[PDB]
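So the sequences go chain by chain: A and B. Per the authors' numbering, the first sequence starts with residue 12, numbered consecutively. Per the authors' numbering, the second sequence starts with residue 12, numbered consecutively.
2 protein chains.
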Amino acid sequence: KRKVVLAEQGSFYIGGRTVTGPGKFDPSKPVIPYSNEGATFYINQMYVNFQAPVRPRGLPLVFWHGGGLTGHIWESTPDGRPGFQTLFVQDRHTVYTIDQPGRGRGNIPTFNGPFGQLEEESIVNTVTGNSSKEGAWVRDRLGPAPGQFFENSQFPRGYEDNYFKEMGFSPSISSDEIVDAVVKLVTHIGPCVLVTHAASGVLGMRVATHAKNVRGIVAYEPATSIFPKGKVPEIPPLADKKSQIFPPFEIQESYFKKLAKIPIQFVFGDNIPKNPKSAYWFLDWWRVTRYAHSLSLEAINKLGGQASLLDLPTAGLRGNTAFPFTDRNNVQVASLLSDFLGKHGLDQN
Amino acid sequence: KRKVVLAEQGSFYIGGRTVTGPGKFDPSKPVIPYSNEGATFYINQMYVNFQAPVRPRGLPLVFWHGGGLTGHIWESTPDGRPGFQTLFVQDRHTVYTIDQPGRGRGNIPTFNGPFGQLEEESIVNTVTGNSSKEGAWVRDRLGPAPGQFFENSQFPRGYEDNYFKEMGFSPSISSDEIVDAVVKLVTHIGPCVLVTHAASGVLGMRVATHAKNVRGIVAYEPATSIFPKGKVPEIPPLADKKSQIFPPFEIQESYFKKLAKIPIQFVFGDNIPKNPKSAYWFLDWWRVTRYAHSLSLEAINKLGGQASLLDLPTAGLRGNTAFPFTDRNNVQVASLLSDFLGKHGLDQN
Ligand SMILES: COC(=O)c1ccccc1S(=O)(=O)NC(=O)N(C)c1nc(C)nc(OC)n1
Ligand SMILES: COC(=O)c1ccccc1S(=O)(=O)NC(=O)N(C)c1nc(C)nc(OC)n1
């Protein structure tokens, strides 16, 4: 069912700062080709879209895309089925979707000169990085190697091109500045729930420690674990005995303690190996990253928290990739999110 | 006013191509940091959003942002009033809004290495260009100089930060590939109307010559004029005796003739001078650019066309900037667009 009734919708920019070029601007001189002379540039701002149902119930949801993505992933699946934006407006929540600084409609800070460089100042690095189709295939656990699917896969097969086309690079904007933009959004919205994904997992945890308005977190397949400073537990290397997972983020315990004050759920899909898998780097990476997250959640619970790990196969959902909210069974994944919101009173006024 | 009812909404990717790096991808080797080795990259694809009303009447509208912009400008004004997307869904048209290749949710083609470079191939230039706040202020005719506003201005004053935050750079993707993506969208949608803006004006004219499904064009403040090859009329230089407008695009006459088969309207806002203005480069640039467009429309009409130029002040609307569809009187601007659609039956089934 695709129909949606909106009391209002729209979009806006929030957050960011400015940087200035040298000299002054003279309106009599040729304006194009564009010059840094006399220039003010707005940088690192974030794009925000919202859709509000008639008579909303409970708190607004803020859907935060993973690494190299945009709010598209919450709008539609690669095969054109409704995304979580539609499903949760239908579930009577106001829905915010963002393009964080450096991605999509967010700002990419570059000027007149080599990419990212404002005269002698490097705002972001000129050298970029970006996953290939092959790297993303294994990262997202479509299968163990590019072009191969797990038998049980929930991926919308045949729509591979559409899926990979949604992904791209991110300039080297500091995570501090990304977190700052979302803190400002949360201040603007009021009490809300963060729904994060992969690279935005750790960022949403950070936002919650800075913003009391974050009343809950659901994180799909978070990519970086978080611990109190100096209390990082022993985490093994990968099965190749050379690689490590992403270095866990460390925060002062007084901020970490704030995570114990709200319900937090991490959600993982399928096909994460239980045992070392030296032949398949990313499968093994996910094994150890999921383990690190289990210890992070345990640390929150030892501070009086209510932090849980939901493995979708234990709820009867088999074959999900690292994007469960765009997989073929995404309605069932959404149902489990609604269950979490309902259990914690986040769907009541 | 804000209420919107959608039979369906969503988004998708269309267009683009692939490129690779050398070698073979080995899933046993560390996937991050990402490498070009064995890597397929999707480049130059376009993001498309659609909103369909219940029982649409007439043709879908494709709103195409100007230079350095995104579909945001059709979603909301800088001060948060409804954009043309909402207004035209309320007007019972299905509405498509795009982020063209190189902008917003469209692809920015960069890899592992200096920006835009895939090994020894330069996909886009590493050196970027980008307007400043000051350049955009005068380009868009908010006032003759930054900080100043024309009398009777329709700009949402006070929302300068929101407005300028929506603008950014474009990588050097060829115009051929941008046009190609929209031709593919037009094939997918069927008969439709293009609504263009500034830098997308000439691109929409080009699309129409390649796509019979374009049944009409409304272009707000187009930036580059178009003529049959070898038939560009004499166009004077600017009042500074040294600058010229953008070199007009020249197409083969057999393609130019296709513009004579559909209704085409160019729409200009206020404060374009009638006489040379050496003190204000962009005001004088608009004077001569608008003149060049008058001659382009005349050439279309000489070939049997239905091309017209609408100056908003002659229709009783004073003070519009170069973004009339986000100005304070944008509802009245929308009413004139509805009038055009109705005149030509583009609002009937
Ligand atoms: C949608 O996919 C993801 O969100 C994702 C998931 C797992 C691993 C890496 C990424 S990533 O593709 O974004 N990572 C990335 O681009 N890089 C390169 C990255 N990201 C992070 C968060 N840390 C590090 O190194 C510490 N690298
Ligand atoms: C939203 O504003 C515009 O759409 C716009 C409007 C008028 C002039 C220039 C631009 S522009 O900012 O895009 N131009 C631009 O960035 N440059 C640099 C440009 N664009 C074009 C289409 N041609 C040329 O040179 C021929 N330069």
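Here a beta-carbon is modelled for each residue, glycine too, at the ideal position from N, C-alpha and C.
Can we count A/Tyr53 as close to ligand 2, meaning its CB is less than 7 Å from some heavy atom?
Translated into the one-based positions of the first sequence, residue 53 of chain A becomes position 42. Every heavy atom of ligand 2 is 7 Å or more from the Cβ of A/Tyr53, so no.
Does the beta carbon of A/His304 sit closer than 8 Å to a beta carbon anywhere in chain B?
Position 293 of the first sequence holds residue 304 of chain A. Taking Cβ atoms only, chain B never reaches closer than 8 Å to A/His304, which makes this a no.
Nearest-angstrom beta carbon gap, A/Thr137 and A/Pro125 [assumed within contact, 8 Å]
For the purposes of this step, residue 125 of chain A is taken as the residue at position 114 of the first sequence. For the purposes of this step, residue 137 of chain A is taken as the residue at position 126 of the first sequence. Right, their Cβ atoms sit about 5 Å apart.
Environment of A/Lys223 [buried if 16+ CB atoms lie within 10 Å]:
Within the first sequence, numbered from 1, the residue matching residue 223 of chain A stands at position 212. Burial call: exposed.
Once the 5 residues before and after A/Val218 are set aside, which same chain residues still bring their CB inside 8 Å of it?
Here the question's residue 218 of chain A lines up with position 207 in the first sequence. Its chain contains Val190, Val193, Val194, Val197, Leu205 and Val225 as the residues whose beta carbon lies nearer than 8 Å to that of A/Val218, once the 5 sequence neighbours on both sides are disregarded; these appear in chain order.
Could you tell me if A/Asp281 is buried or exposed, where buried requires 16 or more neighbouring beta carbons within 10 angstroms of its beta carbon?
The residue given as residue 281 of chain A occupies position 270 in the first sequence. Taking all protein chains in view, the Cβ of A/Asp281 is crowded by 16 or more other Cβ atoms within 10 Å, so the residue is classified as buried.
So with Cβ pairs under 8 Å, would you call B/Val73 a contact of chain A?
By 1-based counting over the second sequence, the position of residue 73 of chain B is 62. Interface criterion not met: the Cβ of B/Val73 is under 8 Å from no Cβ in chain A.
Give the single residue among A/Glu264, A/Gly26, A/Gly27 and A/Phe52 whose Cα lies nearest to the Cα of A/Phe36.
Here residue 36 of chain A corresponds to residue number 25 of the first sequence, with the count starting at 1. Ranking A/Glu264, A/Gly26, A/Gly27 and A/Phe52 by Cα distance to A/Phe36 puts A/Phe52 first.
Chain B contact residues for A/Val149, given Cβ-Cβ distances below 7 Å:
Working through the first sequence from its first residue, we reach residue 149 of chain A at position 138. Per Cβ cutoff of 7 Å: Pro38 and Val42.
Quick one: which unbroken beta strand (DSSP E) runs of 3-plus residues sit fully inside the stretch 104-192 of chain A? Chain order, please.
Those beta strand (DSSP E) runs which fall completely within the stretch 104-192 of chain A and span 3+ residues are 106-110.
Quick one: which chain A residues come within Cβ less than 8 Å of B/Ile119?
As a first step, residue 119 of chain B must be located in the second sequence, where it is residue number 108. Neighbours of B/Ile119 on chain A, chain order: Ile119, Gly179 and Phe180.
Using a C-beta to C-beta distance shorter than 8 Å, which residues of chain A count as neighbours of B/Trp292?
Counting from 1 along the second sequence, the entry for residue 292 of chain B is found at position 281. Here the neighbours are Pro38, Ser39, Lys40, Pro41 and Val42.
Taking 8 Å as the threshold (C-beta atoms), are B/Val299 and B/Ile246 in contact?
The count along the second sequence starts at 1 and reaches residue 246 of chain B at position 235. The count along the second sequence starts at 1 and reaches residue 299 of chain B at position 288. Contact: yes.
Whether or not the stretch 93-106 of chain A and the stretch 226-244 of chain A are in contact is what I'm after, with contact meaning three or more pairs of Cβ atoms, one per stretch, closer than 8 Å; do they touch?
Because the criterion of three Cβ pairs below 8 Å is not met, the stretch 226-244 of chain A and the stretch 93-106 of chain A do not touch.
Determine whether the beta carbon atoms of A/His76 and A/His208 lie at a separation below 8 Å.
Position 65 of the first sequence, counting from 1, holds the residue named residue 76 of chain A. Position 197 of the first sequence, counting from 1, holds the residue named residue 208 of chain A. Contact annotation: A/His76 and A/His208 have beta-carbon atoms nearer than 8 Å.
Mind checking if B/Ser183 is an interface residue toward chain A, Cβ cutoff 8 Å exclusive?
Within the second sequence, numbered from 1, the residue matching residue 183 of chain B stands at position 172. By this cut-off, B/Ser183 is not an interface position.
A/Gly79 to A/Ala156 span [Cα, whole Å]
Residue numbering aside, residue 79 of chain A sits at position 68 when the first sequence is read from its first letter. Residue numbering aside, residue 156 of chain A sits at position 145 when the first sequence is read from its first letter. Going from the Cα of A/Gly79 to the Cα of A/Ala156 covers about 20 Å.
Opening and closing residue of the alpha helix (DSSP H) in which B/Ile273 lies
As a first step, residue 273 of chain B must be located in the second sequence, where it is residue number 262. Looking at the DSSP string, B/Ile273 is not in any alpha helix (DSSP H), and its letter there is neither H nor E.
Look at the Cβ atom of B/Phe61, then the Cβ atom of B/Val16, and state whether they are nearer than 8 Å.
The residue given as residue 61 of chain B occupies position 50 in the second sequence. The residue given as residue 16 of chain B occupies position 5 in the second sequence. Note that the C-beta distance between B/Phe61 and B/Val16 is not below 8 Å.
Per DSSP, what are the beta-bridge partners of B/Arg28 in this structure?
Taking the first residue of the second sequence as 1, we reach residue 28 of chain B at position 17. According to DSSP, B/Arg28 bridges with B/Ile54.
Determine the direct distance from the alpha carbon of B/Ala345 to that of B/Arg68, and round the result to whole angstroms.
Sequence index remark: in the second sequence, residue 68 of chain B carries index 57 (1-based). Sequence index remark: in the second sequence, residue 345 of chain B carries index 334 (1-based). Taking the straight line from one Cα to the other gives about 16 Å.
By the criterion of Cβ-Cβ separation under 7 Å, what are the contact partners of A/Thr97 in chain B?
Here residue 97 of chain A refers to the residue found at position 86 of the first sequence. Residues of chain B passing the Cβ test: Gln20.
Proximity of A/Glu261 and A/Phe238 at Cβ, strictly below 8 Å
Position 250 of the first sequence, counted from the first residue, corresponds to residue 261 of chain A. Position 227 of the first sequence, counted from the first residue, corresponds to residue 238 of chain A. For A/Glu261 and A/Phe238, yes; Cβs fall inside 8 Å.
Taking 7 Å as the line, does the beta carbon of A/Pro258 fall inside it for any heavy atom of ligand 1?
The residue labelled residue 258 of chain A in the question sits at position 247 within the first sequence. For ligand 1, at least one heavy atom lies less than 7 Å from the Cβ of A/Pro258.
Cβ-Cβ distance between B/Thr337 and B/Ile84 below 8 Å
Residue mapping note: residue 337 of chain B aligns to position 326 of the second sequence, counting from 1. Residue mapping note: residue 84 of chain B aligns to position 73 of the second sequence, counting from 1. Closer than 8 Å, so yes.
With a threshold of 7 Å (Cβ to nearest heavy atom), would B/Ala209 be considered close to ligand 2?
Here residue 209 of chain B corresponds to residue number 198 of the second sequence, with the count starting at 1. The answer is yes for B/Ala209.
Using Cβ-Cβ distances below 9 Å, what residues of the stretch 253-266 of chain A are close to chain B?
Residues passing the 9 Å Cβ filter: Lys253, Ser254 and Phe257.
Say whether the stretch 39-55 of chain B touches the stretch 39-51 of chain A, bearing in mind that this needs 3 or more beta-carbon pairs closer than 8 Å, one atom from each stretch.
No: the two stretches stay apart, fewer than three of their Cβ pairs being nearer than 8 Å.
Residue environment, B/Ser186, which counts as buried when at least 16 other CB atoms sit within 10 Å:
Here residue 186 of chain B is taken as the residue at index 175 of the second sequence, counted from 1. So B/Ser186 ends up on the exposed side.
Would a check of beta-carbon distances place A/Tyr53 closer than 8 Å to chain B?
Indexing the first sequence from 1 puts residue 53 of chain A at position 42. Closer than 8 Å to some Cβ of chain B, the Cβ of A/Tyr53 qualifies, so yes.
With a threshold of 16 other CB atoms inside 10 Å of the CB of B/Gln56, please say whether the residue is buried or exposed.
The residue given as residue 56 of chain B occupies position 45 in the second sequence. Flag for B/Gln56 reads buried.
Is the separation between the beta-carbon of B/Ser181 and that of B/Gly113 shorter than 8 Å?
In the second sequence, residue 181 of chain B corresponds to position 170, counting from 1. In the second sequence, residue 113 of chain B corresponds to position 102, counting from 1. In this structure, the beta-carbon distance from B/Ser181 to B/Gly113 falls below 8 Å.
Name the two residues that bound the continuous beta strand (DSSP E) containing A/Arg329.
Counting from one through the first sequence, the residue named residue 329 of chain A turns up at place 318. Per DSSP, A/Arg329 belongs to no beta strand (DSSP E) and is neither H nor E.
Please compile the residues from chain A whose C-beta is within a distance smaller than 8 Å of the C-beta of B/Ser289.
The residue labelled residue 289 of chain B in the question sits at position 278 within the second sequence. Within chain A, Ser39 have C-beta atoms less than 8 Å from the C-beta of B/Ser289, given in sequence order.
Got a sec? Which residues, its chain only, sit under 6 Å from B/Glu264 by beta carbon, not counting five neighbours each side?
As a working mapping, residue 264 of chain B is identified with position 253 in the second sequence. If we look at B/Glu264 and ignore the five residues flanking it on each side, its Cβ neighbours are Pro239.
Consult DSSP for B/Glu261 and reduce its assignment to one of helix, strand or coil.
As a first step, residue 261 of chain B is located in the second sequence; it is residue number 250 there, counting from the start. In this structure, B/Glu261 counts as strand in the three-state DSSP scheme.
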